[PDB]
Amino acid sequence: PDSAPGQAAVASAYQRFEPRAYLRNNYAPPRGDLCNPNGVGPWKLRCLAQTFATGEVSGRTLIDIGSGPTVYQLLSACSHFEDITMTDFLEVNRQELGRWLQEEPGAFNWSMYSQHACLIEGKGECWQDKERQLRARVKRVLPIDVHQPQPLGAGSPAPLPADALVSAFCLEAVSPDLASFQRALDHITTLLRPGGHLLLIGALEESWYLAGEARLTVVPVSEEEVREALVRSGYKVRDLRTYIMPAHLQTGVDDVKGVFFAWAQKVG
């Protein structure tokens, strides 16, 4: 009933979120080992690539929900949208992205992800070009809070409503419980036009993960709880797949048991 408390714990916890530690924990090897086809990184990129390869997900505007300090989730997307908004709750994540946008050396190096996306897209694109295009297409980086009824605030810059949403490992990671998760899904759904698509990636049955000193709390969800929430929010589920976390990728940075990928289309 009372949402403020939980949301408050969440905002408090994320004050210690350390972008570099999170980058190290989830995007450096072994999880970041793009050479193993059976690994989670490759599975994620594959889900994204194949979905965009249908030609079915297009438009002018895309919004990435809770980008954090990562851009891989946009590698396959960025050829299908002119205008891309990135977003995060934390300024420090926003600056990280700033560093990559400016093509700075101190920036996290995504080039293995870029190359791998080029490889699986099968268009013989070099990664430098992929990166140049993503950089061109990211039109803004915005503060966001998915617990607000207007997640971007009122009279935001973002071209609304968007043609498509992307969101990876955000909702479940900032929702104390399932009902909060559902509301979070409801709030971002206001930003999507009817007939628009949502690509949702996330952890299955996770209760915690580490990002430096910060040990943050996650609502454990199942594939079925994810399908229901999507239906509940007004989506047709077009695709929902499950990756089971291999013991060797279960590194102690979290208690994640699997990863889900959902392609959902909002009812018009």
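We call the rigid core the largest set of C-alpha positions that still match within 1.5 Å between the two forms. Position 1 is the first residue in the sequence shown; the rest follow in order.
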After fitting on the rigid core, which stretch moves more in 9 other deposited structures of this protein, 27 to 35 or 46 to 54, going by C-alpha RMS?
27 to 35
77 to 85 or 101 to 109, the stretch lying farther from the shown form in 9 other deposited structures of this protein by root mean square CA distance over structures and residues, after core fitting, is 101 to 109
Compare the mean C-alpha B-factor of 53 to 61 with that of 66 to 74 as given in the PDB entry, and name the stretch with the higher value.
53 to 61
Test of understanding: from the entry's C-alpha B-factors, which stretch has the higher mean, 22 to 30 or 41 to 49?
22 to 30
Where does the C-alpha B-factor of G202 rank in its chain, lowest, middle or highest third?
lowest
Based on the deposited C-alpha B factors for this chain, I'd like to know if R227 is in the lowest, middle or highest third.
lowest
Taking the chain's C-alpha temperature factors as the reference, tell me which third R94 falls into: lowest, middle or highest.
middle
Among modelled residues of the same chain, the CA temperature factor third for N109:
middle
So, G155's CA B-factor, relative to its chain, sits in which third? The highest
